[PDB]
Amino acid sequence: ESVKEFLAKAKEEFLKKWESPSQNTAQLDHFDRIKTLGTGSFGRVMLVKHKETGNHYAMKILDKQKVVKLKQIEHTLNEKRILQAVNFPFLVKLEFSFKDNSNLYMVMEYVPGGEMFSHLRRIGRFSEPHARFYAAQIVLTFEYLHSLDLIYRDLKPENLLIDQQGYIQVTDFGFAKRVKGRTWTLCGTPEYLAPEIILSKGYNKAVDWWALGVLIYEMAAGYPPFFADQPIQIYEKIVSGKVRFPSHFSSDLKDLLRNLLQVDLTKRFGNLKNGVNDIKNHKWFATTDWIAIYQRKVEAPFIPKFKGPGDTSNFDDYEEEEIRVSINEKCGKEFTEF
């Protein structure tokens, strides 16, 4: 019942910001641009130093013309409107946002520990207690997001950053959407798509719980439950309704994953009468103190190396691209609310 009351106040705070979003809270020359931390189809994320405070931030830069060509206008508006309104310990904080003639900018907290992706690939796989620690944070985050009628739709290790306390920060809200009914957009990452997305059905927040199953599997096995050289081959595996588990998976882990990687929506955990509690009370989580996880009181399985402020040694190197801003405003009407 206290979770219920906690979520009620969270929704009151969210809706205030959802209905009156922050806008134009900094400008580009408030920052020095240091180094690219990551890229994507839209767009790139740069380490920046805020001149007036000396704080470092991670600045996502989107080219408005590219956003238009990729038909991501509404998604980009979703991303910023949602990110500026949410507030949860495991969600990266949006500190500033603004736009200029050419680009959109979202300035987020810099999370120096690197992507979970990097650590997972290097180490091979996480122990089940390690994976469970991370998984518990995603469970709580989706409980929070779903209570706000938000679907996240892009869970993967690439989007989970490890902070200096060893806890997760979720990044990349590019496909997040506030929706009370079903929705239909084919989006996500191939390995993580639920069957109902691939099959062009209307779908709902249950796709995030499927994606959680993929994430737990990949953390504990070191590889995804459905992988191939091409996405079409991955989709055929996803919709087949068959999953194979490594022999070192515990019985409890396999049982949890069978209920998350469940094609049948009337049986998939997270989606049933008991909601998230079917997950929180599962035997695999028996050792998890959910309040202590939320409070960040649990000892983390590992603390990323910290070589100082502004150091990026936990991130890959990327080819550096200039930030060109045209003398003419592009796509002004499309992004007027950004």
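By rigid core we mean the largest C-alpha set that fits within 1.5 Å across both forms. From 1 onward, residues are counted along the sequence shown.
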Inset, instruction - Just give me the stretch that moves more in 9 other deposited structures of this protein: 135 to 143 or 199 to 207, judged by RMS C-alpha distance after a core fit. - result: 199 to 207
Inset, instruction - May I ask which stretch, 273 to 281 or 64 to 72, sits farther from the shown form in 9 other deposited structures of this protein once every structure is superposed on the core, judging by RMS CA distance? - result: 64 to 72
Legend entry - Stretch with the higher entry mean CA B-factor, where the candidates are 119 to 127 and 262 to 270: 262 to 270
Legend entry - Residue range whose averaged C-alpha B-factor is higher in the record, 151 to 159 or 226 to 234: 226 to 234
Legend entry - Of the residues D252, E95, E218, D100, the one carrying the largest Cα B-factor as recorded: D252
Inset, instruction - Using the B-factor values recorded in the entry, state whether the Cα atom of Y134 falls in the lowest, middle or highest third among the modelled residues of its chain. - result: middle
Inset, instruction - Would you check the entry's CA temperature factor for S247 and let me know if it's in the chain's lowest, middle or highest third? - result: highest
Inset, instruction - Place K201 in the lowest, middle or highest third of its chain's C-alpha B-factors, as listed in the PDB entry. - result: highest
Inset, instruction - Relative to the other modelled residues of the same chain, rank the CA B-factor of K66 and answer lowest, middle or highest third. - result: middle
Inset, instruction - Among all modelled residues of this chain, ranked by Cα B factor, put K307 in the bottom, middle or top third, i.e. lowest, middle or highest. - result: highest
